[PDB]
Ligand SMILES: Nc1nc2c(ncn2[C@@H]2O[C@H](COP(=O)(O)OP(=O)(O)OP(=O)(O)O)[C@@H](O)[C@H]2O)c(=O)[nH]1
Ligand SMILES: [Mg+2]
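Protein chains in written order, with PDB author numbering: chain A, 279 to 284, 292 to 334; chain B, 99, 112 to 156, 173 to 341; chain C, 487 to 943; chain D, 1169 to 1390; chain E, 497 to 651; chain F, 1 to 26, 55 to 100.
1. Compare the C-alpha of residue 307/A against each of 882/C, 864/C, 698/C and 575/C and name the closest.
2. Which residues in the same chain as residue 1298/D place their Cβ atom closer than 8 Å to its Cβ, once the five residues preceding and following it in sequence are excluded?
3. Ligand 2 and residue 185/B: does any heavy atom of the ligand fall closer than 7 Å to the residue's C-beta?
4. Which first and last residues belong to the alpha helix (DSSP H) in which residue 813/C is found?
5. Between the stretch 657–675 of chain C and the stretch 237–253 of chain B, do three or more beta carbon pairs fall short of 8 Å?
6. CA-CA distance, residue 837/C and residue 871/C?
7. Quick one, what's near ligand 1 if you take every residue whose CB is closer than 6 Å to any heavy atom, in chain order?
8. Comparing the C-beta of residue 9/F with each C-beta of chain A, is any distance below 8 Å?
9. For the stretch 1218–1240 of chain D, list every residue whose C-beta sits within 8 Å of some C-beta in chain E, in sequence order.
10. Excluding the five sequence neighbours on either side, which residues of its own chain have a C-beta within less than 8 Å of the C-beta of residue 1317/D, listed in chain order?
11. Quick check: the stretch 121–129 of chain B against the stretch 684–700 of chain C, are at least 3 beta-carbon pairs closer than 8 Å?
12. Apart from the five residues on each side of it in sequence, which residues of its chain come closer than 7 Å, Cβ to Cβ, to residue 340/B?
13. Looking only at its chain, what residues have a beta carbon closer than 8 Å to the beta carbon of residue 526/C, apart from the 5 residues adjacent to it on each side?
14. Cβ closer than 7 Å: which chain C residues qualify as neighbours of residue 63/F?
15. Which residue or residues does DSSP assign as beta-bridge partners of residue 160/B?
16. When burial is assigned at 16 or more other CB atoms within 10 Å of the CB, is residue 954/C buried or exposed?
17. Output yes if chain C places a C-beta closer than 8 Å to the C-beta of residue 1346/D; else output no.
18. According to the neighbour-count rule (16 or more other Cβ atoms, all chains shown, within 10 Å of its Cβ), is residue 538/C buried or exposed?
19. I'd like the list of long-range same chain contacts for residue 880/C, defined as Cβ closer than 7 Å, with 5 residues on each side in sequence excluded.
20. Residue ranges of each alpha helix (DSSP H) run of no fewer than 4 residues wholly in the stretch 219–307 of chain B, ordered along the chain?
21. Could I get the ranges of all uninterrupted beta strand (DSSP E) runs contained in the stretch 1298–1385 of chain D, with 3 residues as the minimum, in chain order?
22. Please name the residue in 174/B, 151/B, 152/B and 154/B whose C-alpha comes closest to that of residue 328/A.
23. Inspect the CB distances between the stretch 742–754 of chain C and the stretch 780–799 of chain C and report whether three or more fall short of 8 Å.
24. With distances taken from CA atoms, which of 855/C, 577/C, 685/C and 935/C is nearest residue 514/C?
25. Among the candidates 775/C, 724/C and 699/C, whose CA atom is the shortest distance from the CA of residue 45/F?
26. Taking the beta strand (DSSP E) that residue 620/C falls in, what are its first and last residues?
27. DSSP three-state label for residue 179/B, please.
28. Within 10 angstroms of the Cβ of residue 712/C, are there 16 or more other Cβ atoms? Answer buried if so, exposed if not.
29. Shorter than 8 Å from the beta carbon of residue 501/E to some beta carbon of chain D?
30. To the nearest whole angstrom, what separates the beta carbons of residue 490/C and residue 549/C, a pair I think is in contact under 8 Å?
31. What is the C-beta distance between residue 819/C and residue 671/C, in whole angstroms, given that I count them as a contact (C-beta under 8 Å)?
32. Relative to the alpha-carbon of residue 203/B, which residue among 219/B, 267/B and 300/B has its alpha-carbon at the smallest distance?
33. Cutting at 6 Å between CB atoms, please list the residues of its own chain near residue 600/E, excluding the five before and the five after it.
34. Identify, in the order they occur along the chain, each residue of the same chain with its Cβ nearer than 6 Å to the Cβ of residue 582/C, setting aside the five sequence neighbours on each side.
35. Within 8 Å, do at least three Cβ pairs link the stretch 544–552 of chain E to the stretch 578–589 of chain E?
36. If you draw a straight line from the alpha carbon of residue 580/C to that of residue 562/C, how long is it in whole angstroms?
Okay, here's the thing in structure tokens:
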């Protein structure tokens, strides 16, 4: 879909991460709030039916 | 963005020998919240929902009649069962006195069930079982009635082996003869112990002694 | 609003509306009564699932939702009678089965609202009983939680209800531990600023069984040295002299490390050693807690005192300036002759159809798995898998599993045990390509270089 | 004036010396300084050589300036704005001349500027779209590539192309941080099959080689 | 890239990435350097220089392995003047790219001296004269006069 | 998986926005321990003497010799 609305940070300092597995969009949609800055108008989906 | 009954509730609180404090625990999705819901509709004909997973516990206190009619006040701590939220269980496990562990008839014992029997025995509570979701053996899995017996016996024996593993004293072994386990189907409105079923047998048919029968 | 309703059991007595009562917080011991804030009761409620039925009075034995005892208290509270004091104790605060091991840094978008965010954090620390929030000296706010879904719901409530600030959140990482693999072949001994007291101690590794016993409260030293001795000698052929030498347990009441005292000829200096044991154990536990490498807890190590040159009349000079002396002895031995890093593991149980077993296998391979067991379910068309997985690689493992198999499989995870991360934590000949994934020989190296960079400097 | 100026220091904390000259945006990085990792790769990189020791001592990385991209884009904009009284072949000659004048001037700063490549894709497809609009349709199947790129001898229009290359993409976050690499390949303009349309950049010769060539050619002629 | 305008390491880089992708192209490149040393006179000096910088790229890219020098016996009688120019451009590029310290260092260590033997003549004296004279002309004074000092100590 | 690659909308871009993955991507220690060896040499001797008598003199004799005869 078309995007809903449309500098420096420290957490993405590339010396201070450990990258074992790359985060990927499926995780970013499984857990909207843990994995995402500015999650707005997001519905929180989960089911282990 | 209960007029003549809450007084009765108060006197029940005042008796302090007609109340029971129980924690409703078990694994994930094994029947707790539906048990509680169908139960409050039995009494009152008067994040989570979208999640389909319960995150934080909820307490209910309600007045229930037994197989003799004597009302009791029941303290029921409905917990979440996701292994990540075991925190909530600990909370209930302090402020309550017994535990009703809900086990699935189709799956049996898994991670959280055994870990919760551990947490319950190490805090010296009472331990009861409801083998829930029994229709999943008749309608879903389609099992000859004797193999349904086999599966139920198996679940009870395994939970027995574990509760013996974490607790030294052979004070209690669970089997429905002692009145340790219900059989249930939360959604199909069926919950029964050998006691209750034999009393049903007696009340509708002749006068047979329901206690010696249930034995 | 912000307020809560405290929820609890009335063991003795009978609560009523307006009843003035005094709280007993979690730190309150009988001789520190500042912790007890004094307040009253606004309403009294009783509960059906989500219906609040307000009453005037409740006797002992029930549960109740009390209004007004919110602001003073955090996770646990013990309520006692206000202005009627006989004397009161507290019940030991809640003990949890699982260790909260996942870590998330939090910051606002514009620092102007740092106080508002702080309000928010307090509140959730209130609501979730296992949440462990701490503001780390590098200036950050770390949140310490159980699993990915747990922290998701935490931040859900953080952004939804308690504060409407916009918040940046780091990626999850885990909290580590420090340990050793062999004895300090030689010792560096620390001496007082005012050079009065010389402390010689080495380090060496314990075995896992007794450390876990330390954890399980099986070897509780609340016993006398006699019970300690029979325990140790009986079970693991420990020396009775090792028992007479064992002083205390370190990080706290429950600390998997041990402090040992073995130098017989100066041992009979109980005038001086029996004096200094207090500062000795304080420095021991400080050193164990504050970490030698990356500011994290140590475990599974045993320290031994082999020469205690005590200042005659170890007065206030000694007494005051010997605790850092002690912890530098600890660091000296530890860093001296075998640093090593330890990281947690996760237990994963996967239900799966019969066919997709191989599928989960492959996933666990990508993430350093070691699947242990795979077994039929009796009376079901399903197989159960039990496996381990480094909590590092546990991030998204569930959803990865379910996506690859069309929802058929499903896993839960629990913390189980720590383990040696396969790297050498202290090797300068190891340089880190700063964004691609390291191979195993350097995981520990990386693991420290990153964490200290944000904390240890 | 300080706002229209730019001062850039090189010390023991900045290893890079950046500047901005006639149309280029250059950044010099010596080997002595913090290049533990060094490559020799795509031609965006000049290798400066110390003329007495004859050893390569630094690398200059080139990019197109921002106002030069803007100037190219405004130039295409006025090709299009003043073209409703001209024929298809005149519009395409103006495009050809503009694009040659850019590519033969910059020539390896264009490889390294991932914002140019997108500018050139959109600008070439705007020219094509105005020619379609010239007929009375924009259907993508009435106008395969062959209609535009066929030389003027076989009756085509004769466009010169730089919009059928793939645009390299990599992970925005670190791409704004640390020059991470190239993992994905977004697509350029759309061709009717594989069709592999050739490229202007491959027929123009880089500077850093023309300067060595010239040195030797004039040396030996002298 | 033989047919190209002038050398751009584009084709070098591309063939090197293929070698990076499979070993088949690494042994292909062994045989290819063997082929071009066999067919080196078959070019002009233009093609000669571009292929020289080809293999020089290959070497200092670590794509071609330094063992390859076994194919280079620096005796006057067996050396094409065309091959002479080939190796001169090759080693001009090597020295002015990796720098003379690590080249002379890599030219020095024995672990590849078996192959380097054809390049550094010590047993037979006349081709030592010739080859030391050649690399001197190229301006590799260090290795040359070290080997000539070995020669001076020899009798 | 829109893994931070591609366009927000391939809409006015002259492209179909199709993304792909780059196929060509690949010394007291001994002396302190002798006093530790000596340590049980007094206790365990006085203990094994305590097993055959806790008169505190017969065990001090066995412990005194075990201290002098060992240090010799
Ligand atoms: N087949 C069958 N399913 C039942 C029955 N009773 C309850 N269920 C299930 O009950 C689920 C409803 O939520 P619950 O599982 O009760 O909630 P829960 O057990 O506490 O799990 P959590 O809330 O996450 O801790 C539905 O998904 C049904 O699958 C039953 O008697 N038969
Ligand atoms: Mg629920």
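Beta carbons are placed, not taken as given, at the ideal position from N, Cα and C, and that holds for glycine.
On the basis of the data shown:
1. 882/C
2. 1248, 1251 and 1259
3. no
4. Taken as a continuous stretch (DSSP letters only), the alpha helix (DSSP H) holding residue 813/C covers 809–823.
5. no
6. 6 Å
7. 138/B, 139/B, 140/B, 141/B, 142/B, 143/B, 144/B, 179/B, 180/B, 206/B, 207/B, 208/B, 259/B, 261/B, 262/B, 311/B, 312/B, 313/B and 314/B
8. yes
9. 1222, 1223 and 1224
10. 1324, 1325, 1326, 1327, 1329 and 1365
11. no
12. 320, 321 and 324
13. 504, 505, 506, 507, 554 and 568
14. Those within 7 Å of residue 63/F in chain C are 749, 750 and 751.
15. It's not possible to place residue 160/B here, given that chain B moves directly from 156 to 173.
16. Outside the shown range of chain C (487 to 943) lies residue 954/C, about which nothing can therefore be said.
17. It does; some Cβ of chain C falls within 8 Å.
18. So residue 538/C counts as exposed.
19. 832 and 899
20. 237–247 and 271–292
21. 1335–1337 and 1352–1354
22. 174/B
23. yes
24. 577/C
25. Because chain F is numbered 26 and then 55 with no intervening positions, residue 45/F cannot be located in this model.
26. 618–622
27. coil
28. exposed
29. yes
30. With a Cβ gap of about 15 Å, residue 490/C and residue 549/C do not count as contacting.
31. The pair is not a contact, with the Cβ atoms about 10 Å apart (cut-off 8 Å).
32. Checking every option, the nearest Cα to that of residue 203/B belongs to 219/B.
33. 638 and 639
34. Take residue 582/C, set aside five residues on each side of it, and the residues of its chain with a beta-carbon closer than 6 Å to its own are 616, in chain order.
35. These segments touch.
36. 7 Å
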